[PDB]
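Protein chains in written order, with the entry's author numbering: chain C, 30 to 287, 292 to 297, 307 to 323, 332 to 351, 356 to 369, 371 to 385, 395 to 405, 408 to 417, 423 to 437, 447 to 464, 473 to 475, 477 to 487, 498 to 504; chain B, 42 to 166; chain A, 99 to 197.
No residue lacks a Cβ here, since even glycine has one placed at the ideal position from N, Cα and C.
Here is the structure we will look at, set down as structure tokens.
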Amino acid sequence: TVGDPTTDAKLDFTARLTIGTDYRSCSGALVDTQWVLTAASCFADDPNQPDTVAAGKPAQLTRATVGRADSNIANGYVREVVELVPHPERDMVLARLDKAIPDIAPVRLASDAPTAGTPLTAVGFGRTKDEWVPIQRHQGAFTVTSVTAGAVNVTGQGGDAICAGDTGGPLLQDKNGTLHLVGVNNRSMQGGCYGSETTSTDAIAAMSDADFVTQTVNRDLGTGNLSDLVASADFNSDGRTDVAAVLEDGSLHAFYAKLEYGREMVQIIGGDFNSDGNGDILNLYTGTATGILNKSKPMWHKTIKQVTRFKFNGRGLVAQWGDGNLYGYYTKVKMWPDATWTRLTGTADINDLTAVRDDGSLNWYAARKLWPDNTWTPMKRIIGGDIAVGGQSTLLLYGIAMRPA
Amino acid sequence: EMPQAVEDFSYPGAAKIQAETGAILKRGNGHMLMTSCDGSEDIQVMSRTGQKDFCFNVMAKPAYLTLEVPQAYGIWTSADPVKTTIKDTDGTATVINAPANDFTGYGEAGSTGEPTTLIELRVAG
Amino acid sequence: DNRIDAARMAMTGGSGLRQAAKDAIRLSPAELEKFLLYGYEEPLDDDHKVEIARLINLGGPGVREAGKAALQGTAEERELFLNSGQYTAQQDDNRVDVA
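Following this line, the structure appears as structure tokens:
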């Protein structure tokens, strides 16, 4: 990367990492306060064959410095690398730091690939035209020549080739002040570099992968100690009912059915109550096209024990009252001739309202026995036609482990 | 096919230098560069092999470069102490600490008269 | 005739010249003539710089400064120092060191 030095707080999300005392060195950038994205080849015995870079601890002690645009000052943060999570297909790895850096923001990821002719920029800590190792990081400029199967081919504009030590460095595209990461530098012709010479300025970078990062950074949002506040609805317009649940942070997170994790009170109930095409969550939170709930509003103008979803005439709720009666609401109807209500659950298209008896027996109402055994005694908040939080607070579906471990 | 842009700390252009100056270079921390001797001198090494002499420039401290120069005899320093490792013909190595802003010699021009080889050039820091 | 003079060099000069001479002697006469025409000038950098360096390393302030200056100069200056300049510097150094 040959161009002007830059220390401005636009590219302060970049990082420099070294492996061992002097074994290897390359560049990277933050995707989270705990995670740094770089190339997998940096951790390979043979950088041209980044296939053996297995997940787990680094083979050699690895350190990273973040935000230190100028190496002659202490400005910036230093962290140790504890774990590596390689990409299953291409030359890309996520590094987990021992401690977070809450002061330096990450760079947003691109939603798509840049097309040929698009003006991209790049920043790194690699070699220059006249220096083996720079004091300050530098910014160059590149254009896209073509797009291929999970990678982007670029070339330098007016010289300025990707050189050495640039591996793992980000490829950036911006619009209206917003920066997105479009790819990561892997290989280059290294023209115009100190100590070497070639005409070509061409380089190849791995294409950015937003889903890979999301399922790594948020890999452990759940599976641990969760609340019983769980509800089902389609929040991604997939035709597959998803699951939302509240974590210890007091926030509601959506897990998408294929459970894969998304990006973003006594009882919680979901469903598309207004038939808007976007699943909702006494106040109603309306769904939107972005999967984000809007501000809630009262559904009406405290002696109810349980409330669950129920479809009426194609659209609804059922409430179990402390008097043992069950009523449906659109205008209300009696769901059962007498006060015979038992744990209330949501519905599912078994052929239907599911219920759990105090003796552990499971049944459904058109009641009929739903499960051969009587082991549902400790089960809470059963949601729906597939169908509990479990004794470990880990959601099981009927009991397959829908949640990862 | 393009090479990986990964730094192995191997001195850039070392292959060319061996051919042109006669000096050879291995690994370092990247903060020492070989340059010309024309008013830009920092650390200067003299020998009786290759192109007689050559200069190195310190970019930052600390720094080191494990270069090899046969039949070395003299070193110049400037604005910095220099720690130098040399080796005899029998494989035995020793360390000589050169003061800043002065000139010192090695085996050949030192106390033993031995035709020693320069092994390590290290910048204090 | 050139072999004889070169043979002498091989036994009287410094290590640099001696190695060069004990090579050129057993060589085509045309190349030997070149050696004894300009090739034998190489020791000015190989042997003379070592000899002056030794004087600097083990000398006093007078010798060190005078030698150092010649060392960073040209061949004529180094040759002059190691012929007469060295003695002037050494005597003056002794004079002030004793006083």
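The Cβ-Cβ distance between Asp129 of chain B and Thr90 of chain B does not fall below 7 Å. Not a single CB atom of chain B sits nearer than 7 Å to the CB of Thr35 of chain C.
Distance from the CA of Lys359 of chain C to the CA of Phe315 of chain C, rounded to the nearest whole angstrom, comes to 21 Å. Against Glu155 of chain B, chain A offers no close residue; the least beta-carbon distance is about 11 Å (beta-carbon pairs closer than 9 Å).
A residue is called buried once 16 or more other Cβ atoms fall within 10 Å of its Cβ, and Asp322 of chain C is buried on that count.
In this structure, the straight-line span from the alpha carbon of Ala108 of chain A to that of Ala167 of chain A is close to 30 Å. When DSSP states are grouped into helix, strand and coil, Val47 of chain B belongs to the coil group. Judged by DSSP secondary structure, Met100 of chain B falls outside any beta strand (DSSP E); it is assigned neither H nor E. For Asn181 of chain A, no chain B residue has a C-beta closer than 7 Å to its own C-beta; the minimum C-beta separation is roughly 19 Å. According to DSSP, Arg92 of chain C shares a beta bridge with C:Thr47, C:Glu109.
Annotation: the continuous beta strand (DSSP E) that includes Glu161 of chain B extends over 158 to 164. Bridge partners of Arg68 of chain B according to DSSP: B:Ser51.
Of all residues in the segment 52 to 82 of chain B, none is placed with a Cβ closer than 9 Å to any Cβ belonging to chain A. Interface criterion not met: the Cβ of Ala139 of chain B is under 7 Å from no Cβ in chain A.
Taking all protein chains shown into account, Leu156 of chain A has fewer than 16 neighbouring C-beta atoms within 10 Å of its C-beta and is therefore exposed. Residue pairing by DSSP puts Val136 of chain B in a beta bridge opposite B:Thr126. Here the C-alpha atom of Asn205 of chain C lies approximately 37 Å from the C-alpha atom of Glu42 of chain B.
In this structure, the beta-carbon distance from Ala98 of chain C to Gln168 of chain C does not fall below 7 Å.
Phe154 of chain C sits buried, since 16 or more C-beta atoms from the chains shown fall within 10 Å of its C-beta.
Our two residues, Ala239 of chain C and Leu149 of chain C, have alpha carbons roughly 18 Å apart in a direct line. Within the same chain, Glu82, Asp83, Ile84, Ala141, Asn142 come within 8 Å of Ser119 of chain B by CB-CB distance, once the 5 residues on both sides are set aside.
For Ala414 of chain C, the closest of C:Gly479, C:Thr177, C:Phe364 by C-alpha to C-alpha distance is C:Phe364. Linking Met218 of chain C to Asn182 of chain C through their CA atoms gives a straight-line distance of about 12 Å. Of the residues C:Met501, C:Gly224, C:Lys128, C:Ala374, the one whose Cα lies closest to the Cα of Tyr294 of chain C is C:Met501.
Looking from the CA of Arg409 of chain C, the closest CA among C:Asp127, C:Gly341, C:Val373 belongs to C:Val373. Remark: C-beta atoms of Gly220 of chain C and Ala190 of chain C approach each other more closely than 7 Å. CA-to-CA, the gap between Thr457 of chain C and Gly480 of chain C works out to about 10 Å.
DSSP places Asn100 of chain A within a helical segment (H, G or I) once states are collapsed to three. By the Cβ-count criterion, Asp144 of chain A is buried, with 16 or more other Cβ atoms from all chains shown falling within 10 Å of its own Cβ. Taking 7 Å as the CB threshold, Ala150 of chain B lines the interface with chain A. If you draw a straight line from the Cα of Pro53 of chain B to the Cα of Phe144 of chain B, it comes to about 28 Å. Taking 7 Å as the cut-off, the beta carbon of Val111 of chain C is found no closer than this to the beta carbon of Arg92 of chain C.
Annotation for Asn155 of chain A: the continuous alpha helix (DSSP H) segment containing it runs 146 to 155. Chain B has no Cβ within less than 7 Å of the Cβ of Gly111 of chain A.
Beta-bridge annotation (DSSP): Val259 of chain C is paired with C:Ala274.
In this structure, DSSP gives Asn320 of chain C a state outside helix and strand, which the three-state scheme calls coil.
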